[PDB]
Structures are given as structure tokens and as C-alpha cells.
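# Report on the structure
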Amino acid sequence: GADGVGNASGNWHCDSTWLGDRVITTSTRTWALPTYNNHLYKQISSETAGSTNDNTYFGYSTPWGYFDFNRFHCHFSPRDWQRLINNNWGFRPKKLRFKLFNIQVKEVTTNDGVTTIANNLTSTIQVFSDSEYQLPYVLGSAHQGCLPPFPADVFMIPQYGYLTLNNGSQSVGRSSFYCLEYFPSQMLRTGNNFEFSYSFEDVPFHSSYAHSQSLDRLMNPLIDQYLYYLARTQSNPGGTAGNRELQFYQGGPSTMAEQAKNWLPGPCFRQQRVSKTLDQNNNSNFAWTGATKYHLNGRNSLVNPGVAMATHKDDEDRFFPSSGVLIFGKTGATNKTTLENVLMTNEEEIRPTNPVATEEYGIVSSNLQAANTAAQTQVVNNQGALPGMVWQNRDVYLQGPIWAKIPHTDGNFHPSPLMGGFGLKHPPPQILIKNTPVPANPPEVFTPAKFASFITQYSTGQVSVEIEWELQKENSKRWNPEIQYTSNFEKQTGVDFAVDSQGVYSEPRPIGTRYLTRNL
Amino acid sequence: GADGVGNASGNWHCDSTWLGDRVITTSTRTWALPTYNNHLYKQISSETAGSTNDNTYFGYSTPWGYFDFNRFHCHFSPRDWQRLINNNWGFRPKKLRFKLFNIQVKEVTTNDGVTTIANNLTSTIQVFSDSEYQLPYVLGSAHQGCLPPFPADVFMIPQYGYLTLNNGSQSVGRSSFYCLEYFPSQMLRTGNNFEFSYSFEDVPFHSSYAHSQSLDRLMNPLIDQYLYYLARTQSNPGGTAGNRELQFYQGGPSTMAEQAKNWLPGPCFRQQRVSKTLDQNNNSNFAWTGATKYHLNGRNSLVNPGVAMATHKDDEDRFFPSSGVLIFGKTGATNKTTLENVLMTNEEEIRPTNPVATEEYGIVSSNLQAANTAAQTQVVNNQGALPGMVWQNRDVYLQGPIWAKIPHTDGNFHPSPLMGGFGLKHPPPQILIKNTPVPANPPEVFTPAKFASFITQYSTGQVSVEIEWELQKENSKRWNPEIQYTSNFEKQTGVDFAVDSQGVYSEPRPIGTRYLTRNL
Amino acid sequence: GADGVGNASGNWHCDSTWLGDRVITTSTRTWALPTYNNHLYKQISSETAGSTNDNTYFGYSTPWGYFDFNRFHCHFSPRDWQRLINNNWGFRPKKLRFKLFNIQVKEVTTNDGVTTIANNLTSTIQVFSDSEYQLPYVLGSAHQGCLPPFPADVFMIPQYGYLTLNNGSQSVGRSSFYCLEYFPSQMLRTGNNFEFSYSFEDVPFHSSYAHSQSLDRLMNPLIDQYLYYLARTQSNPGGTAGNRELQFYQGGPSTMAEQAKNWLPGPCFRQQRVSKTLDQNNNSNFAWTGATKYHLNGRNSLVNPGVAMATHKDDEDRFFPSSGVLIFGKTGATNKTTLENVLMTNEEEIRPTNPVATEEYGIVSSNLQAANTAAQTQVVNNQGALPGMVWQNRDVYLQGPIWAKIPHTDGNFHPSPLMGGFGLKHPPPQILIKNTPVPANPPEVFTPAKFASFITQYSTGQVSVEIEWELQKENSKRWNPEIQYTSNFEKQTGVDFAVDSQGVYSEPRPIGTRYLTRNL
Ligand SMILES: Nc1ncnc2c1ncn2[C@H]1C[C@H](O)[C@@H](COP(=O)(O)O)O1
Ligand SMILES: Nc1ncnc2c1ncn2[C@H]1C[C@H](O)[C@@H](COP(=O)(O)O)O1
Ligand SMILES: Nc1ncnc2c1ncn2[C@H]1C[C@H](O)[C@@H](COP(=O)(O)O)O1
């Protein structure tokens, strides 16, 4: 920060720049930060509300807030998102630049119902980014409080709190307490501003393409293989009795399923099938009971969304996996809603390489046949990785999360966030912010005790974030036209992705990245 | 912006400088910007008020305001306007320079009827000019909110909203939504100021001259042409019977109308004739029913003012075209007034080259004559452009619009604004302004919802605009004195173009540019 | 040409290169040229088949063939055409490069039903491009014989013949005879190849954008004009009697139609309205009788397609102008078909700036009102260009013609081909080709007479054409998604723009260039 009160500390930048193979998206918002917990750290636990053995937790809640811009629609307008997914086979972030400026602090007083708000010029806020990843990382959990979709909106900064190890509702001795005033933090008055730059580590391009071939069909339809398979264990029946024979054919156009193949579909961890038409579902509650969930340290944790898998089969639109999809709300929807209010995403583009989430991986033989014994087989509901598997990660959506932090561990297998996006070992740091305490008048004779009495105040201002995205051009030689993302065209009562008569911005549908096709 | 609170960011400049062939006019005003729509974008449509099939509309309304200086009297004092039109055959703009400064922001509170206004030092405003013409262009539509005629007046900035395509009151899928926080915009506190410069593209000089000749009379009166015309299809009657003969004369002083001519009058699109003396008009409502209007996409849109055409005939002062004139209000006139309160402009100076707006273009033969058949002709009410036409664009008035933006299209014919002034493919950019939201105290526990609750505030300050005009000197050799624009001379209850006893500035009459004459 | 028989004279190039602001499209085909008219020039005329006064013609037919690549789908794959129109606001050609190579000549013999074809090594073909525009120009008339849509197709070169002035079926003395062996032409054996380069003259970008605003709605909806209009010619009726009064309002949000406007819709030349649902059409033949046609030199020539005008009104999909559209055939359609077999193009994107082709331009007052006389008005069916008109040229389609040659004349008004594309004063030259005559054995004693007896032969080979196209990028700030051209998505019996089970390439629908929007 340089100049004084009457000089703005930074300009509004919200813009998109499409140049060559890069796209530089800048977005600026206006934020407001309350005073959390009356400047106190409080240990929160599930002991207060009984809950259940699976939902128990122990942790801390802090006065600090934090900035979240982990969703795409923060950085992209629906138009810009349309250019991205129509013209390109992939994109990944490169650089990041972050600014706070035009900081204002207000003090508020309450007298007999009157609420008076006045500028407090000399009070400060505290901002620090954690570069060393020393704090618990609560980003990537898909919480709210991210910058709004719509530039003209104003948002409130969420509170920062974290969870640690526990036994029941108590605290095991490995539990950690992190005091956030124990880090260096820059203090900013109304003239000061805050800025830093960041550079993403190298990650694979996201795949914005949907394959035009399937694993089983990669063959050549016109030509007949030179590899035999075992066609029949009996002689061709003449209508009398089956007679033992071994007969081998060649894989060919007639029979593709029997034909030899180099590759296997991706792994699957299966989940229940739910239909959108109510009368086709069973009458019972199978939501939690018939759920697909993993058992960790005595806790049954629902598997959501789970391993990336095709949501439904070919001809079945209405079915969806119980836990296997990302689900979004329509504008103005509460936290408890019915089916019509949610926006449900499906992955139909991974059908070629991936199993259907609601169905088996395959079928495998469970016993040794003999003359007297008959061949038996069992179904494979779950399958780990086998040599020769290929798969496709879950798509990212305009509302979906951009990145998540790969935990620090001895090992991991093909880390990518199951919700979607870019797994990062060193993600964009957490930016934390707090209103510095201002004490109310002290008693005039010394007492050691804690104040607990402060001037109520809040601070507002603008925040801007600029990410440099890298692109991968579409090389395809396909003759016929691609699928594209297309606006409505026919007349309707109001425009999609635009404010209504009341000024409420609304997103009608989710938008995935996979339209353009390429060979498998 | 440079210095702090207690230092004025710019001087008052309102001045006129007449040097050589240029005139540099500077004008400065004090403006006030409210808070529109509580910082919201609202889709507006004709669905709310039923209206009629022609008046349906669909669009958006924005919190942003915009500066309009599209009228001449913004830049010209009546004296300066008098020098311009008396001494010159034409003028066109060259350069433009724009400044905002001395910006003040006020916060206002309402308690039990008391209205308290106090400075808010740290709050900002947002200003950006659209250089790339990316927004809808609402200038040139002759709306209100332009800088006042009179330097000592204070004005309020109009709200920015725009219209798009529609079907009925609904929105066709080609409708566009433009978020104006999606552009880079400079943010200004009380110490900051805003400035940019502009340069007009090359355009034809406006014609401030009224021709001293007419198309039909361009000939030499003393000499007799060598070209024959067909004088009579009968023998000169001796009082008995007409006898077929063909007879040719020479065009000469006796008969000028029959004489051969190189040029044709300008095009016309005809309109109804209305008289200012009530008893001469028909008793009926022909205003909308007998109107001259064009039919576009099922909508009947009145043609106003229409193609430039002489308002009345030679000896008829009282008649005026129904839609064919620009009409101004007298001081202190409501939006619904009678004839005496309007200031009605007439073009009598284009009578030489242009058709009369209330009368036919000509008469043309509709059939092939024969021995038995008699020659028939039909009237030409509308005429498109024909090779050999000359015409004069509508004059500009001290109250009239300076420029309009030529739409971006494949083709256009002789673009000039039908209201008047300079057609520009890249007009002066739109300068937009908004008061940055200041949030009221947030709830202290996190909620995702939109604030909707802000501190009510407005901002005021000064704006100055300086246009460099180029002139074309009067070369004429005419012996006798010109017509000029002359002040009243005889005593009257109050001065014209000056404040009355109540401080109300008033413009008594419109003033056109065409006085000086030149040969056709 | 350089090397000999056993060395190929050129490689196959069919490719598309998208780089920056340019797109370089190369296409190569295999052609076959018969022997026309037994090497004779024959005067053709309508005297042979009586026809009618409008269809009479006189001209010549030549042995020469000519290469036509005047349609877009020659140079563009449907995919490439999709990139073009989705990503860009305009495109125009820059350079042209043309090659003949791998020329083969075959001689054919017919004995008792056996058809024997053998190479003729020493025979030649003749090729010359007309750079000086000395020949009649038959390109741009939208004939057949253009390179096929589909690279793997083989096509036959059309015959070159031309028409001249005539009186009835006879020849006026101004008729011209052009012998095409009177030009320099390169002669090519199987080793030789032919090449030349060309550079387009500078032309306006085609407009691939559809306006998001309309002329009538360009105003600002929130603000009220300072210009009065004439609202009513009577006093507001109290239910007793109309009383003469003149009353003026301000143009404002309530009444947009009465509001003053700077611009006028494009010109129109009207045409009859036809409905696609048979029962709504009149029962009669109005095709030719009720047609819109122009009368030239006693000939009534249908106006097709005519001036660019919106095909139908807002809510009416089914109606189309009688002559006012370009009509394409579906695959495998004869030259006489019903409605279902044609592919009918509509311009709905010029509705904002252009009149509807089936409806009036406007309405205009035909008489001078008085106390006794009532105001009368007449409809404007045709309108020439008036100052202040803007319009949009007809769109170009993937099947449509690319260019046409602006005739050489004293004057023209806004030349653009009414069918579509780029008007050129010096278009790509006509490339002509012929098989040089090979005489059959002469009689062995001298006779002066014409041979008339030759060896029957034909020649085949490849032709490649490479055009360099320039692009105009899409700058728009529009928030919500654009309309795009999108493939079918849902399952269907066969792929669009691809061969069927029989190998027949087919184009399911026409594809226009106008999807992306911009402000008017
Ligand atoms: N989302 C994500 N983040 C980080 N690492 C990943 C991810 N997905 C896969 N991988 C690992 C596993 C692959 O062996 C390798 C491909 O990197 P390539 O760059 O394609 O050669 O990268
Ligand atoms: N108002 C306006 N704006 C822009 N272009 C116009 C206008 N009026 C006419 N023209 C065009 C049409 C004329 O052919 C030409 C005269 O330009 P000159 O400079 O006089 O040679 O300019
Ligand atoms: N199709 C076509 N070919 C050639 N000339 C045309 C065509 N359409 C319009 N014009 C002329 C008429 C306009 O005055 C001018 C615009 O050129 P601009 O380049 O846009 O300044 O070009």
C-alpha cells in the first residue's frame, strides 16, 4: 500500500482475453467480512448435538475468513465457457495473480433499535496467504462462499474452521490446534492493498473430448482375425444329445464379442440404480441403507460421487446412480428439495471407456469344472486396477470445482479429484482475512482478565483474481459436423444465464466440457 | 488521480475560443448520480403493461448511468451559436477531450423522517468508456439527461438500459445480455479524476448554407435552347376540331417548365399535411391512423421525422408535415401539451433542391396510348433514389442532436441521421458510471444468500467536455446583404435566452444553421 | 510440364489449414472430359422448340469445357464450415491457386457392341484461363458441374456455351461470335501439367453475424425523449363528440412506435406469400401469373431470388416468399419435385434490418386533408433506396455460390450477387479445356472438304484448387451463450453429411453463416 485515504488503491478488472493457445480470465468482486466468534477460537464437536457414530467430529472454529474461487464460473462467463468447450480438446491452468484493494472498514453501533454505521479510518484487517501449506486445507471440499457467478453480485466471506482426529466426540492426543495469529500477516488500512502471484505446477490437460470409438469396437470390421477362440464345448446339436467336442473359430465381423482385444474397461466400484420416475423405484428407504459407502475407522462414509463411471446405459436416460453424480441446485432452492429443483449432471461420454456406474464390471468363473461338475461363475461388482485398463476422469462443469489438494502421503493411485478438476500437490494457497480487534474503553484500574468487549465492526472491499489458462487445439479430420453447446433459439419467457425481472441471476443447467470428439 | 482529500482534482473550464478556421468550445457542469435499481439488473419488457403489438419490447435495465452531451447547446452559447451560423458555410467536429474531477460521495440515512447526509470518504465510483463499441449504443436516440443548456444548472445522470430482439414480450434466443461489470473500469475516490481523449473520423462538413437558386431555374433566362421538346399533339385548334399533328418548340425564356434539365429533385417519402389553424384540419383522429409509417417485422413504426423534405410550400406558412418536423418544448412544458407550447422547426431552405414533404414527387404515365385509348398517368407519392438526384440533409438546430452511430451493416445509402447531424461509424464512446456497492453489516454467521442490503448513497461532482470544431469560411461574392440571425431589438418583458425572475433558464425559439446563401 | 509418361505430374492435395486469422483450404478432384459436338460450334436458338416470348434465346455451343468451383462445399468440409461460422464474424477470399495434373487421354472404339478403351499417349488437351475477361462469363449463374461436395466423387466437366443479343429467335447485328481457338492455349500431353495463381480484389467481409437489436428498438427504454410528436388531432373524447385539437406527447417507454428514429429499413421489392401447408394456399395457379417479375425489353423475367428480405414474419414459420428464397434439392431428387424433396433456405436473421419479403414496406399518405376531406393513405409495395436506409445482404450457404462477376457498366448500386456471395469486378478467370482433334485416316487423294471424321476419345485427370480465406474474429462481450450449429446427437438410422449403405453422399440440410450475434 502506498497513498492515503482519498486515493483508490486499485482499478476494477473483470475481462477475458483470448489469444492464441492461452486464455487470460480476470474477475473482480465486492466482498464483505463480518466479525466471527467475537474474536475467539472455539472448539467445536459433535458432542453438542448427538448425531450418530458416523457423523462425529472434533475441531476448532476461528475468527478468520477465507477467499474461495474454486469454481469455474467464477473465472468464466457462460459465453467464455462456450468458446472453451466448443473449440478445444483440453485446458489447464498456468499462472495466478490475486489482489485485494479499496479496503473499507465500518464501525456499527446499536442504540434502541437504531443501527448507525460509520467509517473507522484507523482500524486494520489482516491478510496472509499460506505458502507453506502449514494449515489445514479446507479448499476443494466444495463448500459455498465462493465468488458469485455474476460479477455484479456481492458476497460474504465464509468462516475458517477445521477438523482433526477424534475418538467419539473427544480429542485423541494427536489432535492439533492451529493458532492463525501465529503466522506473519500483512495489516492493511484503507490506503493499503494486498497482492501476490502464483504459478501452478505442471498437470495433465483436462480432457474436453468425448471418444468417437469404444474399447470393444476398436477392431477392423471388414477383416477376420488370425487368432482362434473357443467357440463351443459340444458338437453342434442335431436335436438328439449334446456330444463333447472342442471347436475353435476366428474372431471376425460376424462375432465381435468373442474377438481378442488388447484392452480392458476402467475400474468400477458399483452403486445402486435410481429412476427419476417415482413409480419405478422401490417403496422403501434405500438411500442410506442400500447406499454404496466405504468403512473407515468404524465410520461408514458414503461414497460420493465415487469413481468416474458412466451414469446410465445406452437407451436409458431416466436412471442415475444413487451417489454417482454431482448434483446442483436451481436458482432459489433451499437445502432440502425434491427432484425437480436439482440440476443433475450425467456422464454419458465415458460410456466407451468406462463401466456403467449402476451395473456390473463383468462375470468371472468361480469353480473348476469336471465331468460331473457344472461350470459356475460369479459377478464382479467391484474391480481394482488391472494391467491394460484405460478410463476417463469425471468431467468438470461450469459450476464444478477447479482443483483439489492431493494429500501428502506415501502413495496414491492416479490422483485426480473424484469430484473433478486438477489434482495438485501444491495448490493455490489459502488466503485468510480477519478484522483486527478494537477494544472498547478499558476500566481505568488494572485487571488481568480478558477483555471480551470490543467495538463491533466489519470491513468491505474488492478482490480480483486472474488465472492464465492454457489450451489444446482441435486437430480432428472428422468430416461431419461436431456436436456443440447451443443456446435455446426458440422464444421463451426469459433469457438463460441472465437476470430475471427481480434481479436474481440464475443458471438454468449445468454445462460439461465434453462435446468435441476424437478417436479412442 | 494523484493527491488526497483536501486538494481539488480539477479546475472549472467553460470557455469558447475562436481562432482562425477552428472553434474550441469547453463546457463544464455539476452532476449528481443516484443509486439505480438497488444495484441490480432487471429484465424489462412490455408484458407488464399490455400496450399494443407495435410497442412491445424486451430488454434489461442496469444500475449504471451514462453521460450525454449529444446536443449542440451543451457546447455552444447562443452567442457562440450566432457567430457560427452567421459567418460560415459549414462546420464539423475534429477532436474531443473529456474529464471527470472533484468527485464527492455522500451517504444518506433516514430516521423517523430526518434525512441526514454525510460524506463517505472511502467509497468509490466506477467509470469506463467503451472504446470498442461492444455495448448497445443508446446515444443518438435523442433522449433527455444531456448536459443542461445553461452552465449554472445541475443535472442528474440518466440510467443505462438497452433493448434487444424479442417475440411479443418474450425473448428470442438471439437476445443478448450484457453485464457491465464485465469490462475494465477505473475506480475513483474523492482524490481521483478521470480523463480520456478522442478524435472524430473524417466526415462531410455540415451545410450551413441555403441555396440561392433552384434546380428548375438553373438555366440562363436570356437565351433559347437548341433542344426541342414535344409541344402539342394536336394542330392549333381553330375552334372546329382537333387534328392530329406533332409540333416541337425550343426551350426558352417563355416556357421554362418544358425546358430540358440535367438534374432531378431529391427523393421523397410522403407524409400528411396538418394545419396550425384548427378549423382547417379535418375533424377526426388521423394522427396514428392517417400516419406515414413503415412496417417492420409485423410492427408498424411511425416514420419520424423522415427523409429531409421541405416542410411547406412557398406561400403557405401554417401547414406542416404530420411527422416531418423536429418539435421542441417551450420552457416548463409537460410531456403532454397543445400546439402553443411546442417549438416547431421548419425546413424552408431545402425547398430549392427537395420536394415538399406534404406533396407529391411528380406524375408519371401509367398506360400505352392508342387511337382509341386516352393517356393515363399516376401520382408518385414515394420515390427512391434515381441517377441525377441532388438533395440537402435536414438542418441541425441549437437544441438538436450532434451525431448518431451508423449501425454496422453490409450496406447503407447516404448515411446521415434523419434527425440531423453527423453520421459516424465510430462515434464518441459511451461513458458509463456507477456507485460501487457498500454492504450493510453482515449477519455474523455465514449465509450464502445475496445481500440485497446496502448503505444508501449517491455521488456528485463535475464533468467537462471540450470539442474542437472545424469551420468553412464564407467566400460568396453576393452584392446585397445576407439574412442573419438577429436578437429582438424592441423592448420586451424579459431577455431571450436568459433567466427570468424565478431563475428558470429558457430557450424561446429553435435556431437553425442555414442563413448564408450560395449558388446551387 | 517436365518429365515423361511414367512419372506422376502432381500429388493429391486435399487439406484444411486453420492458422490465426486465415484458413487455407485445398481440394482435389478427379475429372473426365468428353468430346462435345464432334468438335463443332453450333448456333443454338429457341427457334427449334417454340417456347414463348419470354424464353427466346440465341447463342452458340462450343466443344470446350470449363471448370467450376463456385460453391462453398467444394472448398469446405461440413466440419470446416462449422468452425468458420461458429467462431467468426466474417470471411473473405484472398488468393487462389489452381492446378491440373496427372492427365490421361483414352481412345475408345466400338465394334459390334464391344467397347474397347485404350490409352492414346501422343494426343493432347488444350487449357487456357481467360485473364482478360474477353469471353462471355457463364460462371456465377449457379449451374451444375461444379466440383462435387465429396472428395471421393468423380465429376464430368460441363460444356461451354454462351448467349448473346437477339430479336425473337433471330440474331440482331450486334450479336457476337467468339471462337475459342482464337486464344493462346497451352497444350498438354500425359507428362504435362497446368498451373496458375490468382489474387482476389479487395471486397467487404461477408457478414456471418445476426444482429441482436432491431432498427425500431435501438432506443433507450428507460428514458423519455425531448422530441414531441403529434399524438392526436382531436380532443380526448368524453363520449359526446370529437373536437378539433392538436396534442403533442414525448416519445418514451410507453409508446416506442411513435418515437423519433434516425434510420429506415432496407429497400424492398415485394413478392407473393406461399404456405407450406397445402390447404392454406389458394386453389389456382398463381406461380407464374401472380409472380413478381421484371419487364425487360418485352420479356417478363421472374425476379429470383430478389432483393434480400426477411422470408417470414416473427411467429409464422410455414410461409415463404414465392420467388424470394434459394431452394436446394435433397439427395437423389429429379428436376421436377414436390415440396418434401426440396431444401428450402430462409433468412430470419435479417428481420431486424430488412422488410419481410411477403409484406409491405410501409404506408404513405396519398392526399391533402381539409375540413371536408378525410385523410387517405396508400400502401408501399416497392421502395427504392432512401437516405438513411440500412440493410443486410442475403446469406451465403454451404451449397451456395461464392462469387459473381459485376457486369461492366456505367453504374451500379451496392453491387452484391442477389443469390449471395462476393461481387467481383475481376472474378477468378474462366478455365477452359478441350480435347484436341485427332483425324481418322484421310482418303489418300486430296479433297478440300471438312473432315467431320475423327477418332472418338476422352481425357481424364485430377484438378486441385486452393483458396486462402481471411477471417474476422468474434469480439463480443455478450454474457449468455451464443446459438451454434449443432449435429443431431440423438440416435438415427444414418449419419448426416456422410455416405449411406449404397455409397451415395448426401447433404441433409442447408447451413447458413449467421449464428453469432452482434449489436446493431
Ligand atoms: N489429475 C491428475 N493429476 C496429476 N497426475 C495425474 C492426474 N491424472 C493422472 N495423473 C498421473 C497418472 C498418469 O500416469 C500420469 C499421466 O501424465 P501425463 O502428463 O498425461 O503424461 O499422470
Ligand atoms: N452524413 C454523412 N456521413 C457520412 N458519409 C456521408 C454523409 N452524407 C453523405 N455521405 C457520403 C455519401 C457521399 O457519396 C459522400 C460525400 O463525401 P464528401 O466528403 O462530401 O466527398 O459521403
Ligand atoms: N458485395 C459487395 N461487393 C463490392 N462492393 C460492395 C458490396 N456491397 C457493398 N459494396 C460497396 C457499397 C458500400 O458503399 C461499400 C462498403 O465497403 P466497405 O469495404 O465495407 O467500406 O462497398
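What counts as what
Residues numbered from 1 in each chain as written, not as in the entry; some residues may be left out. Chains lettered and ligands numbered in written order. Part of a larger assembly, values for the part shown. Heavy atoms only, no water. Residues with missing side-chain atoms left out of burial classes, pairs and counts. Helix = DSSP H or I, 4+ residues; strand = E, 2+ residues; numbered from the N terminus. Contact = heavy atoms within 4.5 Å. Near = heavy atom within 4 Å. Polar contact = N/O pair within 3.5 Å; in protein donor to acceptor, adjacent residues only side chain to side chain. Areas by Shrake-Rupley, 256 points an atom, 1.4 Å probe, with all protein chains shown as cover. Nonpolar A, V, L, I, M, F, W, Y, C, P; charged D, E, K, R; others polar. Pairing = 2+ DSSP bridges. Least-squares fit on C-alpha atoms. Buried area = accessible area lost by both parts, 1.4 Å probe. Salt bridge = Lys/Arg side-chain N within 4 Å of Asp/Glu carboxyl O. Buried < 20%, exposed > 50% of the residue type's maximum accessible area, 1.4 Å probe, protein only. Core = buried A, V, L, I, M, F, W, Y, C linked by side-chain atoms within 4.5 Å.

Method of structure determination, per the deposited record: cryo-EM was used for this entry, reaching 3.16 Å resolution.

This part takes up the overall build of chain A. Counting its regular elements, chain A contains 2 helices and 29 strands. Structurally, chain A occupies a C-alpha span of about 110 × 55 × 45 Å along its principal axes. Contacts spanning at least 24 positions in sequence make up 75% of the contacts within chain A whose residues lie at least 6 apart.

A word on the site of ligand 3. All names here are of chain C. Around ligand 3 sit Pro204, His414, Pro415, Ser416 and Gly423, and that is every residue in its neighbourhood. The separation between a nitrogen atom of ligand 3 and a polar side-chain atom of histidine 414 is 3.3 Å. Within the backbone of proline 415, one N or O atom sits 3.1 Å away from a nitrogen atom of ligand 3. For ligand 3, whose accessible area on its own is 490 Å², the fraction buried by protein is 53%. Each residue belonging to the shell around ligand 3 can be placed in one class, and the counts come to 2 nonpolar, 3 polar and no charged.

Turning our attention to the site of ligand 1. All names here are of chain A. Residues in close proximity to ligand 1 include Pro204, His414, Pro415, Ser416 and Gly423, which together make up its full environment. Taking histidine 414, its side chain carries an N or O atom lying 3.3 Å from a nitrogen atom of ligand 1. Between ligand 1 and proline 415, the relevant distance is 3.1 Å, taken from a nitrogen atom to a main-chain nitrogen or oxygen of the residue. When the free accessible area of ligand 1 is taken as 490 Å², the share hidden by the protein chains comes to 43%. Class assignment of the residues belonging to the shell around ligand 1 gives a composition of 2 nonpolar, 3 polar and no charged.

Moving on: the interface of chain C and chain B. Of the residues lining the interface, 106 residues belong to chain C; the matching set on chain B comes to 120 residues. At the level of elements, strand 12 (210-211), strand 13 (228-234), strand 14 (244-250), strand 22 (362-365), strand 23 (377-380), strand 24 (382-383), strand 25 (389-391) and strand 30 (517-518) of chain C are the ones that each hand at least two residues to the side of chain C that touches chain B. Across the side of chain C that touches chain B, the residue classes break down as 47 nonpolar, 39 polar and 20 charged. As paired elements, strand 27 (residues 411-413) of chain B and strand 25 of chain C share 3 bridges and run antiparallel to each other. From the neighbouring strand, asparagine 412 of chain B faces strand 25 of chain C, where its bridge partner is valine 390 of chain C.

Here we come to the relation of the copies chain C and chain B. Each copy of the sequence occupies a distinct position, and chain C is placed on chain B by a rotation of 120 degrees and an axial shift of 0.0 Å, giving an RMSD of 0.0 Å. Classification of the inter-copy transformation places it as that of a three-fold axis. By C-alpha distance to the rotation axis, the residue of chain C lying nearest is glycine 384 of chain C, at 2.1 Å. When the interface residues of chain C are mapped onto chain B, a mere 8% of them are again interface residues, pointing to distinct binding faces.

Listed per partner, the contact involves 34 residues of chain A and 34 residues of chain C. With both sides pooled, the region where chain A packs onto chain C buries about 2800 Å², and carbon together with sulfur makes up 51% of that total. The three residues of chain A that bury the most area against chain C are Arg79, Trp479 and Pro481 of chain A, which together make up 28% of that side's buried surface. The tally of links between chain A and chain C comes to 10 salt bridges. Ionic pairing is found between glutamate 474 of chain A and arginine 79 of chain C, a salt bridge with its closest N-O pair at 3.4 Å. In this structure, the connection of chain A to chain C is made through 22 residue pairs in polar contact.

Moving on, we get to helix 2 (residues 78-87) of chain C. Among the 10 residues in helix 2 of chain C, 9 count as buried, and that is most of the element. Burial in helix 2 of chain C covers these residues: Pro78, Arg79, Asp80, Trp81, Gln82, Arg83, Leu84, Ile85 and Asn86 of chain C.

Formed by 137 residues in total, the largest nonpolar core has its most connected members in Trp31 and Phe67 of chain A together with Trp31, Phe67 and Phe177 of chain B. In terms of residues, this core owes the most to one element, strand 5 (residues 88-111) of chain A, which gives 8 residues. Setting aside its immediate chain neighbours within four residues, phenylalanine 67 of chain B contacts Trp31, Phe98, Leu100, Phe155, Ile157, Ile431, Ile433 and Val463 of chain B. Counting residues in each nonpolar core, the second largest holds 67 residues, with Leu33, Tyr36, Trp64 and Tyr505 of chain C among its members.

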